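Data first, discussion second: the structure below is written as structure tokens.
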Amino acid sequence: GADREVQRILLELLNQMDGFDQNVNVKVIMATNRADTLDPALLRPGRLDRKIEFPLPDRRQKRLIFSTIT
Amino acid sequence: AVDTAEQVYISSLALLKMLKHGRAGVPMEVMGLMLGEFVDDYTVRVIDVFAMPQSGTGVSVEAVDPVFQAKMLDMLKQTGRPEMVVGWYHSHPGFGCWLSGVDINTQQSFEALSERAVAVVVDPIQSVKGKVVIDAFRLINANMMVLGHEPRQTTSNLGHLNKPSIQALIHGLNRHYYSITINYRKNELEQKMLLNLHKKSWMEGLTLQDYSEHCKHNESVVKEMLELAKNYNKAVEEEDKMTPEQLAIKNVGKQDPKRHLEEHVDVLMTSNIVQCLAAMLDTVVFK
Amino acid sequence: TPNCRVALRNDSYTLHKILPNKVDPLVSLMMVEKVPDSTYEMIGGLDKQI
Amino acid sequence: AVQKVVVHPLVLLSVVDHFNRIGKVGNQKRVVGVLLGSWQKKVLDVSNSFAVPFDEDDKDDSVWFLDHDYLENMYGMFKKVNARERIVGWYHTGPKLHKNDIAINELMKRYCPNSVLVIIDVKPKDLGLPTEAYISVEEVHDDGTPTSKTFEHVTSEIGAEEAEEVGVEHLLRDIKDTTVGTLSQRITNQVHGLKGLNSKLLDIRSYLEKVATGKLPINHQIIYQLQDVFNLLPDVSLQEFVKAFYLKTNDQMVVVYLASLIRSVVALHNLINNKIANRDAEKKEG
Amino acid sequence: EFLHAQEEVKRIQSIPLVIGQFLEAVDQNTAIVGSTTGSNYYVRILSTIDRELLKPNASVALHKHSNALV
């Protein structure tokens, strides 16, 4: 059903990010849990390149997180 | 079978009844009959019009109740002034200057009853600020088309400002016979009464209003003209040496010299001096 | 001129003016691309292949 | 009981036409009917009118007749076509009011509890007044004065009916009674505003003079209660202008710097542009 | 008379407008706007408002029954 509409919305967002073309110094970042389902149009280099994974609390870091929060 | 460049002397109160009835029954396409009399063939005059509630059936001849119409006519004869029924009016929000199929049918019944029974289209929704549409036409029999068509008679009057709508052209109405010219009974003792009394502002010109909202208004005025400062700045460095009109056409900015003209500055200047003169006039009155 | 834009009328929809292209700007980028430069001078190390 | 009434620009002309059409055979000068409308928030409005032939005799002002069955049938038809419309009062022409008004009000108040009277000046257009409103109050003239009729005037203002702006603009289309031509129009606004102020205040001065002569009964018990404060209100003290020497004169002097100068500069820019164009055209024509 | 006439013609309804997002200013006195329900139709652009706030793909305001750029 409305999935085609979502695809068209992403297509326009791809159009806008291509229209950006480094004209100014603004930045765009998406946060996702799994990038497997994401469309290749954004996933391909030339539109967005830097892929960063933020893992689980990393027990040594987890104790650091608790100390910071506490 | 004679329909010259006919004109309707519609009355102002008939207009007011039309707009009030249309404003009341907006989406219902309320119906009514235009109370006019054929003093002669083409100088039809309408002095009064009434409002009737459309029945739940819709656009039907029985919706205009005959007994109710007769009682209303008797009431007008006893109190007021009697007037014949040779026309009808209808708020038409659906589309423009033409008649729907049912409207054509009920107008045909009216034409059978009356002599002409003009078909008047008044659009209550399109009339918003300046243009109210009152177009009147006649239904014709099949004989008028097979003879010399365009029943518009030999004169150069109904061709003045005769622009039937495109939906009216493709309907038979406003195309069967002609479009009737409209006139307004702007007689004196009536029109002078309206202009003198209704649009009443007679001692309201003494308002002072020095700084009721004007101190911050002047702040906005300075800010807006500061934008004009940047705009009139931007212009003086554009100012190219290649016939600046050539530069201006392809680089329109609607700046102070071009669109935000001196007239706006005059409006600001007039506003200031008016408050000045009013304050100063009452200051010398304060004795 | 086919594959262009035009202006119509309200009811009869009669032509008013042949507008410039509107389909192309809107859906120019769906899954394709027009000609880039990327000249062969930038391509290097694969001379024996080109 | 109503706080105030507001008359629409919707019924004034209808009443005048009704006066004209029924005055062809009835030259009594007295046209009596009912004004219909609505009263919602202590603001009474009139939306419809109707006239009935009406004859009078000067003998105690008790000779008259109406068509009440036809008038009642009109009200039922008007309510059937528009439920919100109701008889808000009854109107009579002839601003020189006679004594039958109390009998008419008593008879018609079965349609409206707060019966009101309305006078429409069909021929008179004195300054700008189309009509006047009247409220019936007979609950003792004053604290220490004898009984009287005392029909007072509830304040009336001409309202702004909707959808009639299109018609009135098309109707007149000649005077353009709007702020158009801001400078000149406001000058005309100042002109008849002074004309109205001078005429009305002269009327007040004449009333004070005639009260002094005593040829007419004196309604001082409300005249001085309303005019004493008017006279003693301190709008003549000029020391607040001293405290506000720059009341706006600062805005006056910036407008001189920033409206007259700006107009001079832009006009100067146009002329020197034209002079350059004319000089170039003259030199390069041949 | 003509200053009065010039101040006469500038009524333009002066009434509550509506929004259909502008697409792009093709030329002067001609334009293409997109109403929110779609119904993308060519309109006429008045000289009152122009490039100073006529950015290509920003939401604009249009007359209620006219849908004209204001």
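All of this is worked out from the model, or read from it or from the source named; no laboratory instrument gave them. Please note: Cβ atoms are built from the backbone with ideal geometry, for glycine as well, and neighbour counts cover all protein chains shown.
A few notes on this one:
- Test: residue in the stretch D:97-120 that is at positive phi, loosely packed, with under 15 Cβ neighbours inside 10 Å and in the same structural domain as D:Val15 (by CATH): no
- Residue satisfying all of: in the stretch D:197-245; among the hydroxyl-bearing types (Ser, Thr, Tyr) and under 25 Å from the mean Cα position of the chain (by Cα); surrounded by the fewest Cβ atoms within 10 Å (Cβ to Cβ) among these: D:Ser206
- Candidates B:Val67, B:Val102, filtered to the one that is without any contact (Cβ under 8 Å) to a residue 12 or more places away in the chain, surrounded by fewer than 18 Cβ atoms within 10 Å (Cβ to Cβ), farther than 29 Å from D:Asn20 by Cβ and β-branched (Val, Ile, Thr): B:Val67
- Residue within the stretch E:23-37 that is without any contact (Cβ under 8 Å) to a residue 12 or more places away in the chain and in contact with a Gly (Cβ under 7 Å, 6 or more places away or on another chain) present: no
- Matching residues in the stretch B:77-91 - criterion: being over 18 Å from B:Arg116 (Cβ atoms) and crowded, with 20+ Cβ neighbours inside 10 Å: B:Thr79, B:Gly80, B:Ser91
- Here the stretch A:4-19 is the region considered, the condition is being surrounded by 12 or more Cβ atoms within 10 Å (Cβ to Cβ) and of a type in the set (A, V, I, L, M, F, W, C), and the residue that is farthest from C:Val27 (Cα to Cα) is A:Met17.
- When the stretch B:82-115 is limited to residues that are assigned to a loop (DSSP other than H, G, I, E, B) and more than 27 Å from D:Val166 (Cβ to Cβ), the one that is nearest to the chain's Cα centre (by Cα) turns out to be B:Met84.
- So B:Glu263, is it more than 9 Å from chain D (Cβ to nearest Cβ), in a helix (DSSP H, G or I), within 35 Å of the chain's Cα centre (by Cα) and not small (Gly, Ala, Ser): yes
- Residue in the stretch B:34-49 that is touching a residue at least 60 places away in the same chain (Cβ under 8 Å), closer than 21 Å to B:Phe137 by Cβ and within 18 Å of the chain's Cα centre (by Cα) present: yes
- Residue in the stretch B:217-226 that is part of a helix (DSSP H, G or I), surrounded by 17 or more Cβ atoms within 10 Å (Cβ to Cβ) and at the interface with chain D (Cβ under 8 Å from one of its Cβ atoms) present: yes
- Residue list for the stretch B:161-180, restricted to those being touching a residue at least 24 places away in the same chain (Cβ under 8 Å), out of contact with any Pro (no Cβ under 6 Å at 6 or more places or on another chain) and under 15 Å from B:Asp123 (Cβ atoms): B:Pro164, B:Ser165, B:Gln167, B:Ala168, B:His171, B:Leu173
- Filter result for B:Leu208 (in contact with an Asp or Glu (Cβ under 7 Å, 6 or more places away or on another chain), more than 9 Å from every other protein chain (Cβ to nearest Cβ) and not small (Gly, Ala, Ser)): yes
- Check on B:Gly22, closer than 29 Å to D:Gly33 by Cβ, in contact with a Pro (Cβ under 7 Å, 6 or more places away or on another chain), within 14 Å of chain D (Cβ to nearest Cβ) and not basic (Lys, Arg): yes
- Only listed residue being at negative phi, among the aliphatic types (A, V, I, L, M) and assigned to a loop (DSSP other than H, G, I, E, B), chosen from B:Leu208, B:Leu195: B:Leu208
- Residues in the stretch B:187-205 that are over 24 Å from D:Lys200 (Cβ atoms) and either more than 7 Å from chain D (Cβ to nearest Cβ) or surrounded by fewer than 17 Cβ atoms within 10 Å (Cβ to Cβ) (or both): B:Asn187, B:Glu188, B:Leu189, B:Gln191.
- Counting only strands (runs of 3 or more DSSP E) that sit completely within the stretch D:1-54, those holding 3 or more residues that are under 17 Å from B:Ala14 (Cα atoms) correspond to D:43-52.
- Looking only at the stretch D:159-176, and only at residues there that are among the β-branched types (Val, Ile, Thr) and part of a helix (DSSP H, G or I), the one that is farthest from the other protein chains (Cβ to nearest Cβ): D:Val168
- When restricted to residues that are in contact with a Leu (Cβ under 9 Å, 6 or more places away or on another chain) and closer than 21 Å to B:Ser11 by Cα, the stretch D:153-171 contains 9.
- Leading residue by the ranking (farthest from the other protein chains (Cβ to nearest Cβ)) among those in the stretch E:1-22 that are part of a loop (DSSP other than H, G, I, E, B) and in contact (Cβ under 8 Å) with a residue 40 or more places away in the chain: E:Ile19
- Any hit, the stretch D:140-158, residues being within 7 Å of chain B (Cβ to nearest Cβ), more than 30 Å from B:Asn272 (Cα to Cα) and not in a loop (DSSP other than H, G, I, E, B): no
- A single member of D:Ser206, D:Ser184, D:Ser264, D:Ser199 is over 24 Å from B:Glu204 (Cα atoms) and out of contact with any helix residue (DSSP H, G or I) (no Cβ under 6 Å at 6 or more places or on another chain), and it is D:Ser264.
- Single condition D:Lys123 does not satisfy, out of (1) more than 8 Å from chain B (Cβ to nearest Cβ); (2) within 18 Å of the chain's Cα centre (by Cα); (3) over 26 Å from B:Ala24 (Cα atoms): (1)
- Criterion (over 19 Å from D:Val11 (Cβ atoms), within 9 Å of another protein chain (Cβ to nearest Cβ) and surrounded by fewer than 14 Cβ atoms within 10 Å (Cβ to Cβ)) met by exactly one of B:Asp40, B:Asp74: B:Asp74
- Of the listed requirements (1) more than 25 Å from D:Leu183 (Cα to Cα); (2) in a helix (DSSP H, G or I), E:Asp27 misses just one: (2).
- D:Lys248 vs. criteria basic (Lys, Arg) and either more than 30 Å from B:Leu226 (Cα to Cα) or loosely packed, with under 12 Cβ neighbours inside 10 Å (or both): no
- In the stretch D:95-117, of all residues being more than 18 Å from D:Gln28 (Cβ to Cβ) and not in a helix (DSSP H, G or I), the one that is nearest to the chain's Cα centre (by Cα) corresponds to D:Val116.
- Residue selected from the stretch D:27-64 under the condition among the aromatic types (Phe, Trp, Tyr) and out of contact with any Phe, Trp or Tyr (no Cβ under 7 Å at 6 or more places or on another chain), by the criterion farthest from the other protein chains (Cβ to nearest Cβ): D:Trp39
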